[PDB]
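**Student:** Quick one: the structure is below, and I'll ask about it shortly.
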Amino acid sequence: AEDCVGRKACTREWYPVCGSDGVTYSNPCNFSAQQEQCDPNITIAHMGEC
């Protein structure tokens with residue numbers, strides 16, 4: 001994808017985290033999938049939905 005913004009929806013489970021973009025991830029899969037498509041370079045900012 002290269003350039004995509006927001007969250008990419010995955011729903012295997014709900015462990016919410018926030019990415020360094022300040023973005024709410026529904027679960028690890030959300031963080032992984034969205035970033036592998038968009039921004040692999042951010043880190044988990046904090047545990048819990050943003």
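Identifiers in this document derive from the order of the structure tokens: chains are assigned A, B, ..., residues are numbered from 1 separately in each chain, and ligands are numbered from 1 in order of occurrence.
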Quick check for you: according to DSSP on this backbone, which residues of chain A are classed as helix (DSSP H, G or I)? Reply as a count of residues only.
**Tutor:** 10
**Student:** Give me, as a list in words, all polymer residues having an atom no more than 10 Å from range 6-14 of chain A, counting only C-alpha atoms and skipping those fewer than 6 positions away in the same chain.
**Tutor:**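 Residues near the query, excluding close chain neighbours: residues 21, 22, 23, 24, 25, 26, 27, 28, 29, 30, 31, 32, 33, 34, 35, 37, 38, 48 and 49 of chain A.
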**Student:** Hey, can you check how far CA of residue 1 in chain A sits from CA of residue 18 in chain A?
**Tutor:** 20.6 Å
**Student:** If I take CA of residue 44 in chain A and CA of residue 20 in chain A, how far is one from the other in Å, to one decimal?
**Tutor:**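 Computing the Euclidean distance for CA of residue 44 in chain A and CA of residue 20 in chain A yields 5.9 Å.
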**Student:** I need the strand (DSSP E) residues of chain A per DSSP on the backbone, written as a VMD selection string.
**Tutor:** chain A and resid 17 to 19 23 to 25 44 to 47
